[PDB]
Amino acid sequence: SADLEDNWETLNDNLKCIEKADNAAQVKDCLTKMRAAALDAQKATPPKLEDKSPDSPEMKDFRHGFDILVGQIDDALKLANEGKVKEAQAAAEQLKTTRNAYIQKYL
């Protein structure tokens, strides 16, 4: 099993994976694992919001950050499927921006 902290580390390890990958098959596995961990983290309650109602604006913001992240991952997967390996890898910068601005502030 995995908790939010575990899934966060999986997400960040596979963000590094995307940046260091050498071919389409590799980036696809990195992006797949990031997407799986993102969906699992999205269902958690982050430490700063444990006193909030589950549908509070803050929890909606937390979850929307992952919806953005998952959309960016899917966009990068499409590029990787098209053989645009370098452009797929470039999504790492924007994934970090989403991660930092939406989710990190709740940990």
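A residue's number is simply how far along the shown sequence it sits, counting from 1.
Stretches 29-37 and 46-54 differ in mean CA B factor, with 46-54 having the higher one. Per the deposited record, the Cα B-factor of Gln94 falls in the highest third when ranked against the other modelled residues of its chain. In this PDB entry, the Cα temperature factor of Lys16 sits in the bottom third of its chain's modelled residues, the lowest group. For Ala2, the recorded CA B-factor ranks within the highest third of the chain. Only modelled residues enter the ranking. Placement of the Cα temperature factor of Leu107 within the chain: highest third of the modelled residues, per the deposited record.
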